[PDB]
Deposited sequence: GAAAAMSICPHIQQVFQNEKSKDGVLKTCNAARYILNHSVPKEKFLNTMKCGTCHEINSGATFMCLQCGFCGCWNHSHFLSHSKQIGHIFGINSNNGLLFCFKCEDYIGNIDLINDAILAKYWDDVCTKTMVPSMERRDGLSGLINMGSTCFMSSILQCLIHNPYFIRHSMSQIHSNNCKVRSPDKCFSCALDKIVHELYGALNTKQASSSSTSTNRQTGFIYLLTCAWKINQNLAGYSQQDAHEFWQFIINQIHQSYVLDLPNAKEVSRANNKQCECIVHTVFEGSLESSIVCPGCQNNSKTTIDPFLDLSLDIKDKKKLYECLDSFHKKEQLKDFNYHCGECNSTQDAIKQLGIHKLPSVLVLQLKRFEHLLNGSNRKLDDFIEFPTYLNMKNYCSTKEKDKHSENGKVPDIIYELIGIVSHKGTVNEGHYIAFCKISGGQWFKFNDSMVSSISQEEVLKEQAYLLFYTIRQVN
């Protein structure tokens, strides 16, 4: 029967004391989110007693300006000596009670303290997530050949950027069509409603998916679920539909699109054309991308496939005249990344074309990492004490789509990672727990990576 800190409960029996606490919590957290790194170190991570930086957690006092460390028990002494039992951890904004010797993590008002002014209304209008729906885990039944659709939809539904978009009511608020049987984004929001909440009021939780199938049939019957199709083609199809619904909902020389697709998934390639003699130049072309398609033959690791993507090539069928040496040359071409996306989507080219006009699937295992560093693929280097260096730019793997079968027939499954590190396998109606060690052995076709650390 989990308890609550009685020391903060006592304080909260007085309304102005409660408001004072929340106001200070909001201020400390605001400071932590709006302070440059050196300032944050020097003014929130410096112990007032020993003056060390990062002597374990540093706590910002709730009642005064003092900061105190954990490792040398220096906040603990401030609490005993001044009687201030509450401090905020400057790494995470969490509130510690030094009497309980525990954080206060289970008071909803404190956790969502930015809404303190409206809390009464928040509780009357809303409830916490139901246990069974909290992670949005639910299967999408096979409605014919719908694995290429459902595998993609599970990756969308477990994508934190799409999640946040849908739950923030951005589409709902501005949609000019408002029918889930016509509007793809409405159908998607309905799926999110069904999986995380409850539609008013066994085949369970398929309503949104059926709407989606209905939208798809009207726009492109080949991709609507009757026949076997390519998950990558369906992925590109759905993100284009989200973009198209944004443009429709606009009330109105502005080149970058501001929709959820184009602010999440879009990066740019830099393609350079360089003289093999002068090696100086170059004629650079910038091409947008929403994903990268990688070759895999004769390779065993994802980094090898990215290395191949980024490798210089000498072109033999390109007409090229160098201006620095004034002569015809076979130009050197290279692709690198000009701009990275928040979510990087990778397609492994698991197919080859044979001389008899048939195609064949490439089933070879390609090792892919839990965290992907893209620094070696970025075209432009920063200064470093000589050519320069790109800093670590690390993504977290959150989704995989795999195919079992041959080029013309098979089955798709999705694997998604949620908070805490648990992976789930989405095989049409069946949602199951799977270990990371086993997920990492899958034959990956599509990989979804979210930005995690940028140095």
**Fill in**
In deposited-sequence numbering, the unmodelled segments run 1-4, 206-213, 265-271, 405-406
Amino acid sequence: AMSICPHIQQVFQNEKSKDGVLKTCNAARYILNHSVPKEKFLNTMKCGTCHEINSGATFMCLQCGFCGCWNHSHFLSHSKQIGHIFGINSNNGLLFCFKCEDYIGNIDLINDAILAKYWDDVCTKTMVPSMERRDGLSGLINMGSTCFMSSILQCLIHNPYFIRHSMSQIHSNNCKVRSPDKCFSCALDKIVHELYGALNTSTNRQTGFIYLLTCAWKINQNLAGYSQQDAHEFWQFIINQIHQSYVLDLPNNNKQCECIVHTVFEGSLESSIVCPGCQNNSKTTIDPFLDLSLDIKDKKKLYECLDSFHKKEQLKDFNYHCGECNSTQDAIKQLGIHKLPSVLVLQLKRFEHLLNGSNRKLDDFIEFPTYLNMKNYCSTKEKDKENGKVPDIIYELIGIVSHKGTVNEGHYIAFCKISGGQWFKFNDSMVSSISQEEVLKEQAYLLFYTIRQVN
From here on, numbers count along this sequence of modelled residues.
**257-265 versus 317-325 - which carries the larger mean C-alpha B factor in the record** = 317-325
**Request:** Read off the CA B-factors in the entry, average them over 120-128 and over 326-334, and name the higher stretch.
**Result:** 120-128
**Deposited CA B-factor, highest of 231, 137, 76, 210** = 76
**Prompt:** When you compare the CA B-factors of 443, 435, 432, 10 as listed in the entry, which one comes out on top?
**Reply:** 10
**Prompt:** If you rank every modelled residue in this chain by C-alpha B factor, which third holds residue 82: lowest, middle or highest?
**Reply:** highest
**Fill in**
For residue 52, the third of its chain by CA B-factor is the highest
**Asked** Lowest, middle or highest third of the chain for the C-alpha temperature factor of residue 288?
**Response** lowest
**Asked** Thinking about Cα B factors across the chain, which third does residue 34 belong to?
**Response** middle
**Request:** Place residue 305 in the lowest, middle or highest third of its chain's C-alpha B-factors, as listed in the PDB entry.
**Result:** lowest
